[PDB]
Amino acid sequence: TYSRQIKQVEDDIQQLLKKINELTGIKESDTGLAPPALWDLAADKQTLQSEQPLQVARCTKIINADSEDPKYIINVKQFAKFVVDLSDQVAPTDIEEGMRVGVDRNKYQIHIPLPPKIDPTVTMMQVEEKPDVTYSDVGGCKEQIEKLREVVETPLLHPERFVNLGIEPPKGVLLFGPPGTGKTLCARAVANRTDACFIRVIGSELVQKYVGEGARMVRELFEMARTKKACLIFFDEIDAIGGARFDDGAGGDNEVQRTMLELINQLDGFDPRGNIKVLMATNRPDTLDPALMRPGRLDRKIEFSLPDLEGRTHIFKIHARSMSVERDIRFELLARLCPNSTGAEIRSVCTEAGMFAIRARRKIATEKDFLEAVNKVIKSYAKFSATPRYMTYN
Amino acid sequence: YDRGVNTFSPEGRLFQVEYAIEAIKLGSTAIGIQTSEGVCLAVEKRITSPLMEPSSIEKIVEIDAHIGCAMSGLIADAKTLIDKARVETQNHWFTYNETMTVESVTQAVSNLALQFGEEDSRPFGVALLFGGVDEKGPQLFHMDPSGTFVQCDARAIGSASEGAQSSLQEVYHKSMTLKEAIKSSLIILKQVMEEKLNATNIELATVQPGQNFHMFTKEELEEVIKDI
Amino acid sequence: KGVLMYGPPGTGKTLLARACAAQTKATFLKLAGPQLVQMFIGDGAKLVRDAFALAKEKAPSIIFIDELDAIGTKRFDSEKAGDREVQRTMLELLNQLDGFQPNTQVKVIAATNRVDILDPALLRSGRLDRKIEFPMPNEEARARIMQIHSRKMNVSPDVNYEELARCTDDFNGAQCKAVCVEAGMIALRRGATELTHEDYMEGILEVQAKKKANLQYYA
Amino acid sequence: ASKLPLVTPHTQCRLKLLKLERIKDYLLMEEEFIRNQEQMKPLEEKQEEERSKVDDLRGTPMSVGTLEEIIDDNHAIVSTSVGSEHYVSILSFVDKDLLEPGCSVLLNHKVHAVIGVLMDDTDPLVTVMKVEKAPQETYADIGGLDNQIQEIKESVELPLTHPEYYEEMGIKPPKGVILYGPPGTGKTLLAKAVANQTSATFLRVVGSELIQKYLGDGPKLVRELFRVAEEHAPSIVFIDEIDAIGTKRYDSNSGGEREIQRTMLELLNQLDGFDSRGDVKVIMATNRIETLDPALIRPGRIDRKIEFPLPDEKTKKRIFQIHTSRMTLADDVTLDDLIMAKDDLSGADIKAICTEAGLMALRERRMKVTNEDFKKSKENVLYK
Ligand SMILES: Nc1ncnc2c1ncn2[C@@H]1O[C@H](COP(=O)(O)OP(=O)(O)OP(=O)(O)O)[C@@H](O)[C@H]1O
Ligand SMILES: Nc1ncnc2c1ncn2[C@@H]1O[C@H](COP(=O)(O)OP(=O)(O)OP(=O)(O)O)[C@@H](O)[C@H]1O
Ligand SMILES: Nc1ncnc2c1ncn2[C@@H]1O[C@H](COP(=O)(O)OP(=O)(O)O)[C@@H](O)[C@H]1O
Ligand SMILES: [Mg+2]
Ligand SMILES: [Mg+2]
Ligand SMILES: [Mg+2]
């Protein structure tokens with residue numbers, strides 16, 4: 001009824017928002033700064049207080065000390081090296097050698113110790129964040145879930161049942177099978193359930209251009225790993241990071257093997273990782289090096305194969321629990337139609353079988369819609385199917 | 001990457017015969033029951049087309065008037081072995097003027113079952129149930145693509161084999177009768193089958209101590225269907 | 001001058017080094033394999049002469065090397081490609097180890113698993129003197145090693161390490177150690193306190209890590 | 001700026017009137033609320049007084065820096081352009097949220113303290129691999145296929161335009177789409193009509209140019225590529241001719257196939273990684289479908305497999321009609337003799353014959369295209 005009367009009384013106050021919010025001050029869209037209404041702590045005091053008494057305190061690196069006296073030996077980025085001193089504010093206790101310290105530009109004396117270098121590409125592969133994958137969602141391989149989970153979390157959640165019994169729990173475990181079987185998807189439930197540092201590693205990210213370059217990245221990874229008390233290190237697709245040593249004639253695949261040898265050394269030998277648990281997963285395990293496959297590094301050895309019948313029916317009940325369907329279908333018929341089949345294929349059949357109901361104008365799929373999925377996904381894509389030379393893992 | 005056909009598993013067993021264990025799982029399901037009254041036997045057809053003639057396919061085929069068989073897995077390979085069994089019975093009768101016993105049939109096929117190689121080629125993708133009535137009354141056997149065989153009382157073989165065995169152990173006992181055994185089988189068949197049960201989806205054959213091996217047809221069959 | 005241990009990697013090669021580290025009260029020094037590998041050139045070389053110079057200072061001192069194959073790869077001639085920089089450091093390892101101006105102050109303990117990788121120039125006679133292999137434990141040592149690792153557990157006297165080492169052929173100290181821990185977990189699964197023989201028997205089954213496929217149709 | 005997200009009556013109602021009237025009174029409250037602050041606290045201008053107080057803090061030689069760590073109490077280690085890094089402190093006008101390792105910041109000339117942060121001048125490659133405009137005409141340009149076009153809209157366009165259908169179904173769209181067939185069968189041509197149709201940020205990359213001469217530069221290029229694809233929007237990543245990573249070996253690659261392998265491994269991660277993927281679609285196309293790794297082709301990585309057959313002859317005449325639509329055809333010709341000339345001609349062949357025939361007319365300055373133009377034209381195009 002009041003067509004313009006709602007529109008302009010709308011519009012003059014939608015504008016009058018901005019017409020006084022410019023008179024507040026949010027404006028002068030910047031080049032990298034902050035809101036003018038926020039910074040006013042450093043306004044009259046820290047502008048000459050966090051600035052004018054404050055130094056630059058250029059950071060350095062300690063070489064070593066000497067006896068009887070401080071007479072410290074400093075080192076900087078490019079320039080020369082000095083004999084330097086502490087400040088009074090610090091003890092000479094935590095002034096150990098090979099340490100970064102904040103140092104004045106004039107007297108060249110030590111102010112505060114610093115943490116060492118972390119190499120932030122290693123920092124990036126800390127995940128910081130958990131996925132949503134439930135152990136309810138990897139149903140069908142519950143014995144593998146149990147046999148893994150009894151290794152992964154049970155000392156971390158209960159470090160007393162192993163101690164008072166008097167056994168040290170294992171540290172290493174690989175997971176392997178054909179692709180799409182639930183290896184990576186299974187790892188996501190661990191990264192879900194967990195709490196500590198979950199540092200993921202994909203081996204092809206270690207492929208470097210320089211020599212020894214990934215090998216130091218390994219070292220740093222174990223440095224910040226040894227900083228944390230308990231830490232879980234994830235290894236995905238480790239066939240890139242190493243099969244074995246086979247060298248003959250011109251040195252082929254030399255560079256990868258040395259990093260693999262560093263990975264051996266960081267795993268076993270001379271006061272090791274302690275409370276750092278590892279977890280590999282491959283596709284084809286047959287390529288892998290035997291000393292890598294030595295226990296003490298890769299103790300638990302979990303297989304992932306296809307489910308028998310009931311795990312498959314359970315996977316039907318996993319992906320199929322949340323879709324509009326005919327009420328009176330049965331899945332055991334479909335599992336009979338899927339002998340050699342992964343749960344990814346089961347999910348793909350679920351998602352295609354919905355699309356059949358999406359084809360004309362149906363809301364819920366039927367049994368024969370599922371049958372329309374079966375021949376296409378199973379039997380029409382049967383030229384590809386990707387599995388059988390991975391069943392033998394070649 | 002290509003191994004030989006006579007290669008043992010790292011587990012010890014094989015690869016390809018073990019693959020034939022996988023291959024027979026795709027076949028149509030089959031149920032035979034040995035009752036002291038006599039052995040009943042049933043199988044589905046896995047009907048495909050309306051334009052398909054249904055009776056052209058079957059899995060019941062007999063060897064003798066007291067011996068029939070049930071097949072699964074692959075099909076076209078089996079009839080060779082069927083011919084070998086029939087030939088064997090005719091040799092045994094030819095030289096002994098008596099019927100070869102069902103077990104002695106079963107070992108005779110089972111010796112043939114693993115003979116392939118690279119002299120003189122591949123194993124066989126079938127699964128076999130052996131019905132007969134010897135002098136020891138009703139007999140029912142089950143053999144293997146490995147050639148390993150056994151006597152069973154009620155064996156379910158095919159795609160729904162393991163699920164029907166669980167539903168079968170709970171209902172079978174030693175003191176069954178044939179009339180309840182037939183309907184008892186056809187209930188589980190109607191469960192495990194895809195299409196709606198009629199007189200064309202399935203077919204039966206029984207062997208009795210009294211009469212011969214008899215094969216049912218769609219005239220005496222649907223009474224069990226309406227009286228399931 | 002120069003001892004070398006080689007064999008299967010589960011034979012225990014680190015274990016001797018950390019044993020003797022507890023034994024001698026001398027300057028123990030250890031090395032990683034690819035530790036002498038740098039992005040820039042000559043830094044591993046200087047890194048070598050810093051180590052032998054420091055061990056030159058410490059006149060009672062032995063040096064350990066783990067995984068020599070990372071650097072000790074046999075040389076090759078090839079155009080167009082082929083690394084050199086590792087073989088530089090390998091050469092100062094050869095000479096700076098031995099040759100011009102020798103010394104008798106340091107002893108070299110080296111560990112590897114594979115021998116054919118190695119340039120024979122480090123396998124001459126006197127750069128590496130005593131080359132010893134580590135065979136697999138025969139049977140009695142297999143009883144002895146799980147007897148070693150079976151120490152800190154509640155063990156009921158249901159154990160026969162002679163039976164265990166006879167039903168466990170072809171194992172190493174890592175695997176025989178692993179049967180001990182896995183039996184140490186199976187009994188925690190059944191909640192028992194002491195140990196029985198079948199706990200070991202099943203731990204063997206896990207250490208062997210067989211593929212289950214429905215085999216009951218034999219014999 | 002994001003003051004009220006509610007519009008739901010959408011009529012002439014006293015609801016939508018009272019909305020604004022409420023927010024009218026609130027915005028007048030903000031106006032006369034701030035109006036008293038300068039009325040009884042002039043004391044400054046506050047529009048440039050505190051602002052040039054900040055600009056009187058920060059010096060004009062603003063050195064450009066780069067982060068490498070963060071300590072929360074407004075000081076950190078910051079790297080110089082020379083490399084000799086410091087341990088300066090951070091200001092209060094730095095709006096401490098846009099601070100990630102490796103970012104460019106603003107430093108003092110004197111004490112090098114963290115003055116401000118710097119917006120990053122995009123990336124040369126993002127624009128290079130980023131497709132700007134729609135290439136060409138719509139799906140009506142193609143003709144003849146009419147089935148898999150429904151497949152492509154099904155997996156791609158319909159998820160975009162109608163996100164109601166998957167939700168009433170209880171389902172998510174299929175992930176990976178692949179295209180394969182004989183060469184010249186319109187494989188790229190369909191993707192052009194997709195790039196016409198979509199509004200999403202579109203990326204296109206040949207499978208040939210993945211390979212590098214540096215070790216790991218391929219997989220690094222992959223990781224930053226999927227970084228670029230994820231960081232933008234509902235994006236469409238297209239790959240053409242992915243077989244070329246497996247077919248041809250080049251001597252620029254220092255590594256052999258055992259670097260190509262690692263490249264395909266890192267890509268294989270980026271299809272099916274455990275990380276939260278987001279709204280990125282993957283369209284692939286090649287002609288040698290049998291050659292590559294089937295592990296990339298598993299469901300979970302690719303859901304839809306789309307073959308392109310050779311054209312049938314009644315579709316051929318349609319393709320002739322398309323490639324002869326706007327041209328001054330002299331009526332001397334018969335297209336049906338042109339259909340059965342080759343039994344297995346492609347859609348590239350028809351357009352090649354048509355365009356080359358136009359070249360023959362422009363040899364003779366003509367405007368219409370005669371029969372002998374096609375006669376010698378197919379001699380030029382086919383037989384050599
Ligand atoms: N047991 C299962 N239940 C439900 N879904 C499964 C299961 N196993 C696999 N999937 C499906 O497979 C897809 C891929 O899983 P995952 O990435 O773990 O495969 P994988 O075994 O790691 O092989 P790859 O390393 O090649 O990915 C997931 O999207 C998931 O939907
Ligand atoms: N069905 C068709 N209708 C109209 N034009 C077509 C058709 N098929 C191919 N063409 C013409 O052929 C040209 C080549 O198309 P496109 O490059 O997409 O085929 P392709 O199979 O991707 O080729 P390639 O195999 O070389 O990648 C297109 O520009 C198009 O005009
Ligand atoms: N008595 C023993 N004999 C052999 N091996 C043992 C013995 N006791 C323990 N071990 C195992 O030997 C391992 C030593 O590691 P090692 O085999 O030296 O690694 P590598 O030889 O690959 O460098 C230890 O992890 C330990 O579990
Ligand atoms: Mg995976
Ligand atoms: Mg060692
Ligand atoms: Mg093309």
# chains A, B, ... in the order shown; residues from 1 in each chain; ligands from 1
call {"tool": "select_by_dssp", "arguments": {"residues": "region 18-193 of chain B", "states": "alpha helix (DSSP H)", "output": "PyMOL selection string"}}
result
chain B and resi 18-23+78-96+102-112+161-169+178-192
call {"tool": "residues_near_ligand", "arguments": {"ligand": "ligand 4", "cutoff": "9 Å", "atoms": "only C-alpha atoms and all ligand atoms", "output": "NGL selection string"}}
result
(:A and (179-187 or 236-237 or 281-283)) or (:D and (269 or 272-274))
call {"tool": "write_last_selection", "arguments": {"atoms": "N, CA, C and O atoms", "output": "CSV table (one decimal), in the first residue's frame"}}
result
chain,number,residue,atom,x,y,z
A,179,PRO,N,44.0,-49.0,-2.8
A,179,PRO,CA,43.5,-47.7,-2.6
A,179,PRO,C,42.0,-47.6,-2.4
A,179,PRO,O,41.2,-48.5,-2.8
A,180,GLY,N,41.5,-46.6,-1.7
A,180,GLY,CA,40.1,-46.4,-1.5
A,180,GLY,C,39.6,-47.4,-0.4
A,180,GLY,O,38.4,-47.5,-0.3
A,181,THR,N,40.4,-48.0,0.3
A,181,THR,CA,40.0,-49.0,1.3
A,181,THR,C,39.6,-48.4,2.6
A,181,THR,O,38.9,-49.0,3.4
A,182,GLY,N,40.1,-47.2,2.9
A,182,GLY,CA,39.8,-46.6,4.1
A,182,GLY,C,41.1,-46.3,4.9
A,182,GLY,O,41.0,-46.2,6.2
A,183,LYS,N,42.2,-46.2,4.3
A,183,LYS,CA,43.4,-45.9,5.0
A,183,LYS,C,43.5,-44.5,5.4
A,183,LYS,O,43.5,-44.2,6.6
A,184,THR,N,43.4,-43.6,4.5
A,184,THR,CA,43.4,-42.1,4.8
A,184,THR,C,42.2,-41.7,5.5
A,184,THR,O,42.3,-41.0,6.6
A,185,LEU,N,41.0,-42.2,5.1
A,185,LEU,CA,39.8,-42.0,5.8
A,185,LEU,C,39.8,-42.5,7.2
A,185,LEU,O,39.2,-42.0,8.1
A,186,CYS,N,40.5,-43.6,7.4
A,186,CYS,CA,40.7,-44.2,8.7
A,186,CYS,C,41.6,-43.2,9.6
A,186,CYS,O,41.3,-43.1,10.8
A,187,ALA,N,42.6,-42.6,8.9
A,187,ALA,CA,43.4,-41.7,9.7
A,187,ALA,C,42.7,-40.5,10.1
A,187,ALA,O,43.1,-39.9,11.2
A,236,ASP,N,52.0,-40.4,4.9
A,236,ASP,CA,51.2,-40.8,3.8
A,236,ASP,C,52.0,-41.0,2.6
A,236,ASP,O,52.8,-40.1,2.2
A,237,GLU,N,51.9,-42.2,2.0
A,237,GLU,CA,52.4,-42.5,0.6
A,237,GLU,C,53.9,-42.4,0.6
A,237,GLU,O,54.5,-41.6,-0.1
A,281,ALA,N,51.4,-45.1,6.1
A,281,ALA,CA,50.4,-45.8,5.3
A,281,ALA,C,50.9,-45.8,3.9
A,281,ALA,O,51.3,-44.8,3.4
A,282,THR,N,50.9,-47.0,3.2
A,282,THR,CA,51.3,-47.1,1.8
A,282,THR,C,50.1,-47.7,1.0
A,282,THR,O,49.1,-48.2,1.5
A,283,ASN,N,50.3,-47.6,-0.3
A,283,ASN,CA,49.5,-48.4,-1.2
A,283,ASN,C,50.2,-49.7,-1.5
A,283,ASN,O,49.6,-50.8,-1.1
D,269,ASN,N,47.7,-37.2,-4.0
D,269,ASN,CA,47.3,-36.6,-2.7
D,269,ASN,C,46.2,-35.5,-2.9
D,269,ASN,O,45.3,-35.5,-2.1
D,272,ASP,N,42.7,-36.7,-3.2
D,272,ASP,CA,42.0,-37.5,-2.2
D,272,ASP,C,42.7,-37.3,-0.8
D,272,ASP,O,43.0,-38.3,-0.1
D,273,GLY,N,43.1,-36.1,-0.5
D,273,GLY,CA,43.8,-35.8,0.8
D,273,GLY,C,42.8,-35.8,1.9
D,273,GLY,O,41.6,-35.6,1.8
D,274,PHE,N,43.3,-36.0,3.1
D,274,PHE,CA,42.6,-36.0,4.3
D,274,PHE,C,42.1,-34.7,4.8
D,274,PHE,O,41.2,-34.5,5.6
call {"tool": "residues_around", "arguments": {"residues": "residue 175 (chain B)", "least_positions_apart": "6", "cutoff": "10 Å", "atoms": "only C-alpha atoms", "output": "PyMOL selection string"}}
result
chain B and resi 35-37
call {"tool": "closest_atom_pairs", "arguments": {"of": "chain D", "to": "ligand 1", "cutoff": "12 Å", "atoms": "only C-alpha atoms and all ligand atoms", "output": "CSV"}}
result
residue,atom,partner,partner_atom_place_in_ligand_line,distance
D:172,CA,ligand 1,31 (O),11.9
D:174,CA,ligand 1,29 (O),11.3
D:175,CA,ligand 1,29 (O),10.2
D:265,CA,ligand 1,26 (O),10.0
D:266,CA,ligand 1,25 (O),11.6
D:267,CA,ligand 1,26 (O),11.6
D:268,CA,ligand 1,26 (O),7.9
D:269,CA,ligand 1,27 (O),7.9
D:270,CA,ligand 1,27 (O),10.3
D:271,CA,ligand 1,27 (O),8.9
D:272,CA,ligand 1,27 (O),5.8
D:273,CA,ligand 1,17 (O),6.7
D:274,CA,ligand 1,17 (O),6.8
D:275,CA,ligand 1,17 (O),10.4
D:276,CA,ligand 1,29 (O),11.6
D:277,CA,ligand 1,29 (O),11.5
D:293,CA,ligand 1,26 (O),11.6
D:294,CA,ligand 1,26 (O),10.4
D:295,CA,ligand 1,26 (O),6.7
D:296,CA,ligand 1,26 (O),8.0
D:297,CA,ligand 1,26 (O),10.0
D:298,CA,ligand 1,26 (O),8.1
D:299,CA,ligand 1,13 (C),7.8
D:300,CA,ligand 1,13 (C),5.1
D:301,CA,ligand 1,14 (C),8.0
D:302,CA,ligand 1,13 (C),11.0
D:303,CA,ligand 1,29 (O),11.2
call {"tool": "write_last_selection", "arguments": {"atoms": "N, CA and C atoms", "output": "CSV table (one decimal), in the first residue's frame"}}
result
chain,number,residue,atom,x,y,z
D,172,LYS,N,25.4,-35.4,-1.7
D,172,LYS,CA,26.4,-34.5,-2.2
D,172,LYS,C,26.7,-34.8,-3.7
D,174,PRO,N,28.7,-35.5,-7.3
D,174,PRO,CA,29.9,-36.3,-7.6
D,174,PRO,C,31.1,-35.5,-7.7
D,175,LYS,N,32.2,-36.0,-7.4
D,175,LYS,CA,33.4,-35.3,-7.3
D,175,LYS,C,34.1,-35.1,-8.6
D,265,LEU,N,52.1,-38.7,-7.6
D,265,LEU,CA,51.8,-39.0,-6.3
D,265,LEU,C,51.3,-37.8,-5.5
D,266,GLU,N,51.9,-36.6,-5.8
D,266,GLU,CA,51.5,-35.4,-5.0
D,266,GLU,C,50.2,-35.0,-5.5
D,267,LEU,N,49.9,-35.0,-6.9
D,267,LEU,CA,48.6,-34.8,-7.4
D,267,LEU,C,47.6,-35.8,-6.8
D,268,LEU,N,48.0,-37.1,-6.7
D,268,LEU,CA,47.2,-38.1,-6.2
D,268,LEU,C,46.8,-37.8,-4.8
D,269,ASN,N,47.7,-37.2,-4.0
D,269,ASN,CA,47.3,-36.6,-2.7
D,269,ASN,C,46.2,-35.5,-2.9
D,270,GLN,N,46.5,-34.7,-3.9
D,270,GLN,CA,45.6,-33.5,-3.9
D,270,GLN,C,44.2,-33.8,-4.4
D,271,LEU,N,44.0,-35.0,-5.0
D,271,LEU,CA,42.6,-35.4,-5.3
D,271,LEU,C,42.0,-35.9,-4.0
D,272,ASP,N,42.7,-36.7,-3.2
D,272,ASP,CA,42.0,-37.5,-2.2
D,272,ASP,C,42.7,-37.3,-0.8
D,273,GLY,N,43.1,-36.1,-0.5
D,273,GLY,CA,43.8,-35.8,0.8
D,273,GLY,C,42.8,-35.8,1.9
D,274,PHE,N,43.3,-36.0,3.1
D,274,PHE,CA,42.6,-36.0,4.3
D,274,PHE,C,42.1,-34.7,4.8
D,275,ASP,N,42.7,-33.6,4.2
D,275,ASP,CA,42.4,-32.3,4.6
D,275,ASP,C,41.0,-31.9,4.0
D,276,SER,N,40.3,-30.9,4.6
D,276,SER,CA,39.1,-30.4,4.1
D,276,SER,C,39.3,-29.8,2.8
D,277,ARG,N,38.6,-30.3,1.8
D,277,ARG,CA,38.9,-29.9,0.4
D,277,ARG,C,38.3,-28.6,0.1
D,293,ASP,N,47.7,-44.2,-14.7
D,293,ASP,CA,47.4,-44.9,-13.5
D,293,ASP,C,46.0,-45.0,-13.1
D,294,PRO,N,45.4,-46.2,-13.0
D,294,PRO,CA,44.0,-46.3,-12.5
D,294,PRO,C,43.8,-45.9,-11.1
D,295,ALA,N,44.8,-45.8,-10.3
D,295,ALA,CA,44.7,-45.3,-8.9
D,295,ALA,C,44.1,-43.9,-8.8
D,296,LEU,N,44.4,-43.1,-9.8
D,296,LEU,CA,43.8,-41.8,-9.9
D,296,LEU,C,42.4,-41.9,-10.3
D,297,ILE,N,42.0,-43.0,-10.9
D,297,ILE,CA,40.7,-43.1,-11.6
D,297,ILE,C,39.7,-43.7,-10.6
D,298,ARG,N,40.1,-44.0,-9.4
D,298,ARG,CA,39.2,-44.7,-8.5
D,298,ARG,C,38.0,-43.8,-8.1
D,299,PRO,N,36.8,-44.3,-7.9
D,299,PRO,CA,35.8,-43.6,-7.3
D,299,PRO,C,36.2,-43.1,-5.9
D,300,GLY,N,35.9,-41.9,-5.6
D,300,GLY,CA,36.6,-41.3,-4.5
D,300,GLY,C,37.5,-40.2,-5.1
D,301,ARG,N,38.1,-40.5,-6.2
D,301,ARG,CA,38.9,-39.5,-6.9
D,301,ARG,C,38.2,-39.1,-8.2
D,302,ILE,N,37.7,-40.0,-9.0
D,302,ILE,CA,36.9,-39.6,-10.2
D,302,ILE,C,35.6,-40.4,-10.1
D,303,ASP,N,34.4,-39.7,-10.2
D,303,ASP,CA,33.2,-40.4,-10.1
D,303,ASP,C,32.6,-40.7,-11.5
call {"tool": "select_by_dssp", "arguments": {"residues": "region 95-257 of chain D", "states": "strand (DSSP E or B)", "output": "JSON, numbers by chain"}}
result
{"D": [104, 105, 106, 107, 114, 115, 116, 117, 130, 176, 177, 178, 179, 180, 201, 202, 203, 204, 205, 206, 235, 236, 237, 238, 239, 240]}
call {"tool": "write_last_selection", "arguments": {"atoms": "C-alpha atoms", "output": "short mmCIF file (atom, residue, chain, number, x, y, z; two decimals), in the first residue's frame"}}
result
data_model
loop_
_atom_site.label_atom_id
_atom_site.label_comp_id
_atom_site.auth_asym_id
_atom_site.auth_seq_id
_atom_site.Cartn_x
_atom_site.Cartn_y
_atom_site.Cartn_z
CA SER D 104 55.19 -8.51 4.29
CA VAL D 105 55.09 -5.90 7.04
CA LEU D 106 56.08 -2.26 7.51
CA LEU D 107 59.06 -1.45 9.66
CA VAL D 114 56.66 -3.45 13.22
CA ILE D 115 54.70 -0.44 12.07
CA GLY D 116 52.11 -2.00 9.81
CA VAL D 117 51.46 -4.92 7.52
CA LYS D 130 43.54 -17.85 -14.30
CA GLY D 176 35.62 -36.03 -10.29
CA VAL D 177 34.74 -35.86 -13.98
CA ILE D 178 36.86 -37.28 -16.79
CA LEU D 179 36.60 -37.07 -20.59
CA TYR D 180 38.15 -39.45 -23.08
CA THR D 201 36.56 -18.94 -10.81
CA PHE D 202 37.93 -21.05 -13.62
CA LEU D 203 41.40 -22.53 -14.03
CA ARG D 204 42.78 -24.41 -17.00
CA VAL D 205 46.03 -26.34 -17.27
CA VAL D 206 47.50 -28.62 -19.91
CA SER D 235 36.39 -23.01 -8.57
CA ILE D 236 36.64 -25.17 -11.64
CA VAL D 237 39.99 -26.79 -12.27
CA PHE D 238 40.35 -28.19 -15.75
CA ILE D 239 43.19 -30.38 -16.95
CA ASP D 240 43.69 -31.21 -20.60
#
call {"tool": "residues_near_ligand", "arguments": {"ligand": "ligand 6", "cutoff": "7 Å", "atoms": "only C-alpha atoms and all ligand atoms", "output": "MDAnalysis selection string"}}
result
chainID D and resid 183:189
